[PDB]
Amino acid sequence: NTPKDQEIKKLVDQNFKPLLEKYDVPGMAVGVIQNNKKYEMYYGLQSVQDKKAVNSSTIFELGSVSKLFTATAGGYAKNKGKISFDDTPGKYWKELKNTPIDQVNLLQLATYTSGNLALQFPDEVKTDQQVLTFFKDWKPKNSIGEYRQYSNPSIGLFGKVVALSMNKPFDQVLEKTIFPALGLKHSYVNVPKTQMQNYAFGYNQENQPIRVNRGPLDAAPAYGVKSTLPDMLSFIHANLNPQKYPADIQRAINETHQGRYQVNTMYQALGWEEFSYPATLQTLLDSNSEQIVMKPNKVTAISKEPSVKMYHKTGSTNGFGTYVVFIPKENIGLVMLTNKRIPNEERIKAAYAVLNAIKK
């Protein structure tokens, strides 16, 4: 017959490869892990002008998939006793004490329910002083905890507090504690000079190469991580097998898998979105609809706590797209990285087709 590695490659060719021509995407990396075996598929160019092929060393920007590492760092700090999720941010960032935002707890920040934090920091909020003023000028709108509004400043403040609790800057929390503990060796908040030859150009909608570092420093927990396909497969492996790690990072990973509330069929975990498995394709597409991503939604308590579940997260930057998904009880996951954005629905659809067709 046909070996599994070839079967997986054929499924990725059938479902992901056509996206390169359809969306004029220069380069793409797709990885699958099944039963602790990893399958890596590279396509196209990490740099068009340099004719440099995408490969296992290629570094991509993760966009909002960065939040999964921030969530892991918060789970680590919580299980080390450095924070409680019931704490408020002024316990750690003392300049926020006696301000309205100091009524919001860390779990509410991490899961986007403060009631008045928008998708992005304002364009003019650039320096650390402007970030502090932004949070001190914050006033509640909706009742705290009642509405989910997906928000980069909300989880950015969470990450800043996590880092304060660990007495290190956020970049050092990831690069010196969290990445080493997950065994990731080519993941960065700041790509060093000696790795720039491996950093893909991002490509904008005019297929022009772009190298953009966005927003204030305290937005890094929301969207500032870079990684390679092998590292992202290792990160999926850690999520599939937390029992294989030391107690503190194992508990950190498990913390990120705990659903906190629902919006319709979506369970909000820490960083991860979570779903009953098997999930219909429309459930997964709804999680990325304008209604869910861009508008405020009332949250409801979890009713069905799904025994059998799956998790995913999309991410994009101006020049990059990312999607990661895993299904614990099927021992499987998938990572897609591109150096041009393509619609989130296409990433979700292609991964759904691949994962449902792979022989069990």
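Residue indices: 1-based, along the sequence shown.
Asker: For the higher mean C-alpha B factor in the entry, choose 114-122 or 68-76.
Answerer: Between 114-122 and 68-76, it is 114-122.
Asker: Once you work out the mean C-alpha B-factor for both 14-22 and 333-341 from the entry, which is higher?
Answerer: Higher mean C-alpha B-factor: 14-22.
Asker: Specify which of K136, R260, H257, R148 carries the largest Cα B factor in the deposited PDB entry.
Answerer: In this record, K136 carries the highest C-alpha B-factor of the candidates.
Asker: So among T280, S143, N204, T228, who wins on Cα B-factor in the entry?
Answerer: Reading the PDB entry, the winner on C-alpha B-factor is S143.
Asker: When the deposited Cα B-factors of this chain's modelled residues are ordered and cut into thirds, is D286 in the lowest, the middle or the highest one?
Answerer: Lowest third - that is where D286 ends up once the chain's C-alpha B-factors are sorted.
Asker: Among the chain's modelled residues, which third holds the C-alpha B-factor of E175?
Answerer: Answer is middle: the recorded C-alpha B-factor places it there.
Asker: By its CA B factor, does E61 count among the lowest, middle or highest third of the modelled residues in the chain?
Answerer: Its C-alpha B-factor belongs to the lowest third of this chain's values.
Asker: Quick check on the deposited entry: does the C-alpha B-factor of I83 sit in the lowest, middle or highest third of its chain?
Answerer: Ranked within chain, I83 CA B lands in the highest tercile.
Asker: Relative to the other modelled residues of the same chain, rank the CA B-factor of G27 and answer lowest, middle or highest third.
Answerer: Ranked within chain, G27 CA B lands in the lowest tercile.
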